[PDB]
Amino acid sequence: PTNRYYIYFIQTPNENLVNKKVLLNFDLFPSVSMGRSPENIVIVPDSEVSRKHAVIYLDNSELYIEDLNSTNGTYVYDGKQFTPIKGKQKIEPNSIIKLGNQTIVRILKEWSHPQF
């Protein structure tokens with residue numbers, strides 16, 4: 001209850017999704033699925049994103065992303081270039097992730113000022 005996590009769309013083909021901040025609820029969804037199928041918790045309408053492309057989740061209070069054998073891959077930006085993620089890829093807040101060829105997102109973590 002102390003943070004809100006988001007997927008922020010830096011670039012993506014759907015004009016109604018680009019520049020949007022989508023809230024992730026890891027309390028209701030232990031893992032959050034991303035892909036072009038509406039079966040995903042976070043749909044990404046992009047022909048180059050696989051039907052089920054990646055999943056993001058919390059484990060031991062840290063964020064991880066995994067690629068679900070996607071066609072065009074999942075990448076993390078290292079400050080200069082994108083590189084393929086590796087199996088259980090730990091990511092930090094503000095990490096920039098490319099899904100396939102045409103969608104780039106930033107994973108946000110924002111302190112929510114809990115009152116306890």
# chains A, B, ... in the order shown; residues from 1 in each chain; ligands from 1
call {"tool": "residues_around", "arguments": {"residues": "residue 27 of chain A", "least_positions_apart": "5", "cutoff": "12 Å", "atoms": "only C-alpha atoms", "output": "PDB file with N, CA and C atoms, in the first residue's frame"}}
result
ATOM      1  N   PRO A   1       0.815  -1.219   0.000  1.00  0.00           N
ATOM      2  CA  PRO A   1       0.000   0.000   0.000  1.00  0.00           C
ATOM      3  C   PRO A   1       0.848   1.268   0.000  1.00  0.00           C
ATOM      4  N   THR A   2       2.164   1.116  -0.129  1.00  0.00           N
ATOM      5  CA  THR A   2       3.075   2.247   0.011  1.00  0.00           C
ATOM      6  C   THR A   2       3.550   2.788  -1.344  1.00  0.00           C
ATOM      7  N   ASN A   3       3.310   2.036  -2.412  1.00  0.00           N
ATOM      8  CA  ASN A   3       3.702   2.472  -3.747  1.00  0.00           C
ATOM      9  C   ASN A   3       2.632   2.163  -4.771  1.00  0.00           C
ATOM     10  N   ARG A   4       2.596   2.959  -5.836  1.00  0.00           N
ATOM     11  CA  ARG A   4       1.819   2.640  -7.027  1.00  0.00           C
ATOM     12  C   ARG A   4       2.811   2.364  -8.164  1.00  0.00           C
ATOM     13  N   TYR A   5       2.621   1.244  -8.860  1.00  0.00           N
ATOM     14  CA  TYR A   5       3.458   0.881 -10.007  1.00  0.00           C
ATOM     15  C   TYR A   5       2.688   1.117 -11.293  1.00  0.00           C
ATOM     16  N   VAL A  32       1.511  -9.518 -14.023  1.00  0.00           N
ATOM     17  CA  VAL A  32       0.748  -8.748 -14.993  1.00  0.00           C
ATOM     18  C   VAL A  32       1.204  -9.117 -16.400  1.00  0.00           C
ATOM     19  N   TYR A  57       6.293  -8.847 -12.681  1.00  0.00           N
ATOM     20  CA  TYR A  57       5.809  -9.214 -11.364  1.00  0.00           C
ATOM     21  C   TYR A  57       6.766  -8.766 -10.283  1.00  0.00           C
ATOM     22  N   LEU A  58       6.291  -8.817  -9.040  1.00  0.00           N
ATOM     23  CA  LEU A  58       7.115  -8.537  -7.869  1.00  0.00           C
ATOM     24  C   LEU A  58       7.542  -9.851  -7.234  1.00  0.00           C
TER      25      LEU A  58
END
call {"tool": "residues_around", "arguments": {"residues": "segment 11-19 of chain A", "least_positions_apart": "3", "cutoff": "9 Å", "atoms": "only C-alpha atoms", "output": "compact mmCIF listing (two decimals) with N, CA, C and O atoms, in the first residue's frame"}}
result
# COMPACT_ATOMS: atom_id res chain seq x y z
N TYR A 8 4.16 3.01 -18.33
CA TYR A 8 3.97 4.25 -19.08
C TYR A 8 4.39 4.03 -20.52
O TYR A 8 5.50 3.58 -20.79
N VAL A 44 -1.62 -4.55 -25.44
CA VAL A 44 -0.77 -3.65 -26.19
C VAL A 44 -1.08 -3.89 -27.67
O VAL A 44 -0.56 -4.82 -28.27
N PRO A 45 -1.98 -3.07 -28.24
CA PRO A 45 -2.38 -3.28 -29.64
C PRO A 45 -1.27 -2.89 -30.60
O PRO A 45 -1.13 -1.73 -30.99
N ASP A 46 -0.49 -3.89 -30.98
CA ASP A 46 0.72 -3.69 -31.78
C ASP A 46 0.98 -5.01 -32.49
O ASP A 46 1.21 -6.02 -31.85
N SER A 47 0.92 -4.99 -33.82
CA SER A 47 1.08 -6.21 -34.61
C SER A 47 2.41 -6.91 -34.36
O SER A 47 2.55 -8.11 -34.62
N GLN A 102 8.09 -1.93 -31.97
CA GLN A 102 7.40 -0.65 -32.10
C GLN A 102 6.77 -0.12 -30.82
O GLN A 102 6.09 0.91 -30.85
N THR A 103 6.98 -0.80 -29.70
CA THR A 103 6.43 -0.36 -28.43
C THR A 103 7.55 -0.24 -27.41
O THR A 103 8.35 -1.17 -27.23
N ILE A 104 7.63 0.92 -26.78
CA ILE A 104 8.60 1.17 -25.72
C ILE A 104 7.84 1.68 -24.52
O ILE A 104 7.00 2.57 -24.64
N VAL A 105 8.13 1.11 -23.35
CA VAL A 105 7.47 1.56 -22.13
C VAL A 105 8.49 1.87 -21.05
O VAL A 105 9.65 1.46 -21.13
call {"tool": "select_by_dssp", "arguments": {"residues": "chain A", "states": "strand (DSSP E)", "output": "number ranges by chain"}}
result
A: 3-11, 21-24, 31-35, 42-43, 54-59, 62-67, 74-77, 82-84, 89-91, 96-99, 103-111
call {"tool": "atom_distance", "arguments": {"atom1": "atom CA of residue 90 of chain A", "atom2": "atom CA of residue 115 of chain A"}}
result
29.1 Å
call {"tool": "atom_distance", "arguments": {"atom1": "atom CA of residue 111 of chain A", "atom2": "atom CA of residue 94 of chain A"}}
result
13.2 Å
call {"tool": "atom_distance", "arguments": {"atom1": "atom CA of residue 77 of chain A", "atom2": "atom CA of residue 92 of chain A"}}
result
11.4 Å
call {"tool": "closest_residue", "arguments": {"among": "A:96, A:49, A:22, A:41", "to": "residue 79 of chain A", "atoms": "only C-alpha atoms"}}
result
A:96
